[PDB]
Amino acid sequence: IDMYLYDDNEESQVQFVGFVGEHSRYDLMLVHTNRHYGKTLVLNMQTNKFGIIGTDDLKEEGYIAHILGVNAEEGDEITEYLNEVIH
Amino acid sequence: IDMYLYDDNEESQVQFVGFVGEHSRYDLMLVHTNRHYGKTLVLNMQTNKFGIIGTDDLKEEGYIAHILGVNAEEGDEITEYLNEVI
Amino acid sequence: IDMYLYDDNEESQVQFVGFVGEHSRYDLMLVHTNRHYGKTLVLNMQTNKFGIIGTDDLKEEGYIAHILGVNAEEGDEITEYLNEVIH
Amino acid sequence: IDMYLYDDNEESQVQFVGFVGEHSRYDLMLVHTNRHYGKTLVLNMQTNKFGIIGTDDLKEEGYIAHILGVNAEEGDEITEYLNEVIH
Amino acid sequence: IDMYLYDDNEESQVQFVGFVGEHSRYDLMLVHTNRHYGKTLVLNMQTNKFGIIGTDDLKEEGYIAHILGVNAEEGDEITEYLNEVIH
Amino acid sequence: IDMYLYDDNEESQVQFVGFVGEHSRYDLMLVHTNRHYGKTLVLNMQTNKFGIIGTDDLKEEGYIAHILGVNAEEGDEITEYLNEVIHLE
């Protein structure tokens, strides 16, 4: 409780959605920062979990479901929604 | 894939700590907004769990450890760090 | 297929509600006929189970959970809806 | 408990049929609608299960039986009966 | 927020009129519906008051002027228009 | 009293709801047109006031109570209600 590594600070922006799929409710939160490399922070605000996301993690199926903790059906639903707000 | 309930916006301050306690290292990034007000959220970056936290979540022994998936020590080593911040 | 008994088609008021609970999406359908004892027939459009409901079935708890095949978070929420609408 | 998605009340005739086959009695309820125009739904009333069934769903074996939770021998008959009422 | 009393629907002919008097502008919105068969209801779009007017509520001095909350000058100029619409 | 600007008419769905809150009895009428910025036209059918309500008009506190002319106890019950019967664009 003695040594620190880095304590930086950056004021960017956080978005709060709340879209709805076919049998599923989604409540998300998105943070995008130049501290990373394009991929934005994506909290699933219904499982208290999150991931660091770019075009190549959308590419890789198995993931969005695995990271945000939502079964395959839900995964694709948010994968298409993120395939519109990711650049 | 068809109806959005709501999609608000809030520019926010971002905090990214890194520190190392007695038995493990911690890599977290805090975020604070108006939505939850006197409740800020932390992003344990090694664990990819997270939580929305005020004074009265900190006072609940067992919680902060459970919320982000960690051991007892990590629960006090992080709950120690957070104590002064908020 | 060897003998028919009855083929009556009375006319009946049906209702396609859909909504969103704390975490959950519901899609329902509510058919009040004459052929029932003033009771409302509730299809769960997404469990493909249904119930003919009184007030008397609402009070008895865990019922809607059971009869529509949802857990008692959902079942409670759906019940919470049914009490509001009774006419 | 909040944000309703849709709430379309509408009136519609709902056929109840009973008939009987080689071994068991069938009581059903056919509800047709504008809604999912290419399909009518079927309420097995002894089983409190039901299905949204169109010409395509009746060429799929072990379907009605699974969907109606009935026997294979049962579903086939119901299928038999549904041919004459939907086409 | 429990026990609803009624949740009806009515397709309706709603029309909007804008006219300019000697002094003022007027923006009204008539909605005729069955649910009040006798009477056309009249929103004054710039005053956020409204009311349900019969053939006989026009023949009452200063009533129109009140219901929509306007000066006897405006009240007249509207009563003028509304007289061509009711009977 | 001498020149008109527009005499447009439209087909429109009108909802007529009423229910019992924990303190009074609300009698509403709701008219959704394709002429207002995707907004709903809430009539308080018992005070003869009305407002063009959107997602926003709601969060602007005390709003509903002021416009439909009800004390904000009554205000809240309705805001709560309208909150479930309202979307965006």
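Every number in this text was worked out from the coordinates using simple rules, so none of it is lab data. A quick note on method: Cβ atoms are made from the backbone with ideal geometry, for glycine too, and the neighbour counts reach across all protein chains shown.
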Self-check item: FRET E, pair C:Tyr4, F:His32, Förster distance 51 Å, beta-carbon r, rounded to 0.05
Solution: 0.65
Practice problem: Rounded to the nearest 500, what is the 222 nm mean residue ellipticity of the protein assembly as shown from helices alone, with -39500 (n - 2.57) per DSSP H run of 4+ residues and division by all residues? | Solution: -7000 deg cm²/dmol
Exercise. Please sort by residue number the GluC sites (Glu not before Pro) in the range D:1-68 whose DSSP state is loop and whose Cβ has at most 16 other Cβ atoms within 10 Å.
Key: D:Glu22, D:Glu60, D:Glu61
Quiz item: When the Karplus curve 6.51 cos²θ - 1.76 cosθ + 1.60 is applied with θ = phi - 60°, which whole-Hz ³J(HN,Hα) does each residue of the range B:54-59 get, with x for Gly and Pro?
Solution: x, 3, 8, 8, 5, 5
Practice problem: Order by neighbour count: B:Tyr6, B:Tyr37, D:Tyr81, fewest other Cβ atoms within 10 Å first, most last. | Solution: B:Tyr37, B:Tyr6, D:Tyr81
Quiz item: Can you tell which of D:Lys59, D:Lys49, D:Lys39 shows the greatest fluctuation in a Gaussian network model of chain D with Cα springs below 10 Å?
Solution: D:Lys59
Self-check item: Straight-distance crosslink candidates among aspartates and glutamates, where the alpha carbon sits under 13 Å from E:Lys39 and sequence neighbours closer than 8 are dropped
Solution: E:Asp56, E:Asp57
Quiz item: For all pairs of alpha-carbon atoms in the range C:1-49, what percent lies in each bin of width 5 Å, listed from the first bin to the last filled one?
Solution: 5, 16, 20, 17, 16, 12, 7, 4, 2, 1, 0
Quiz item: Order of C:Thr55, E:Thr47 from fewest to most other C-beta atoms within 10 Å?
Solution: C:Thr55, E:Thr47
Practice problem: Calculate, in whole percent, how much of the Cα-Cα pair population of the range D:14-85 lies beyond 16 Å. | Solution: 42
Quiz item: Counting pairs of Cα atoms in the protein assembly as shown, how many percent are more than 29 Å apart?
Solution: 66
Quiz item: Quick one: net charge of F:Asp2's neighbours, Cβ under 11 Å, K/R +1, D/E -1?
Solution: -3
Quiz item: Percent relative contact order of the range E:13-85, based on C-alpha pairs within less than 8 angstrom and at least six residues apart?
Solution: 20
